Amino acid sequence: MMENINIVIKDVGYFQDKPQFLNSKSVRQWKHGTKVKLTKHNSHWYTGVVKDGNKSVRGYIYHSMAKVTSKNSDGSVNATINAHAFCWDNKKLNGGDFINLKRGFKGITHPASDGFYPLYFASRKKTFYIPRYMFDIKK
């Protein structure tokens, strides 16, 4: 028996514990419009720091999920979170073919044991994958 899941791409940007989407934890899932301070980490990632109680925690967020509104003197930048997700044509979640899925994108996927949820795009000829943490299942 095959099954289908109705999913909605979350209204958040992904502040991960590493500059990678695969095998990373969310330090923050900042609602769209959240104001943050960040530093450029590499060509595609920003980094910054939050407080988990008494502990400083470093996080990484993809360049397209942070709209830079001003640059500070000290090299850091002020940005507003631009919430969106990705699906990839590979289970590395790193380059290849990927689609920017707008916040609130409604999709249908299938139960995935390995946590790479399939999205068939009609207009493309192929399967893309989205990790669990980028969407909600409507109950």
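Start at 1 with the first residue shown and count on from there.
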Going by the mean C-alpha B-factor recorded in the entry, which is higher: 76-84 or 50-58? 50-58
Higher avg CA temperature factor (41-49 vs 92-100, as deposited) belongs to 92-100
Per the entry, which of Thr34, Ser113, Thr109, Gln29 tops the list for Cα B factor? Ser113
Lowest, middle or highest third: where is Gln20 by C-alpha B factor in its chain? lowest
Position of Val12 among the chain's modelled residues by C-alpha B-factor, lowest, middle or highest third: middle
CA B-factor placement of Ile130, once the chain's modelled residues are sorted into thirds: lowest
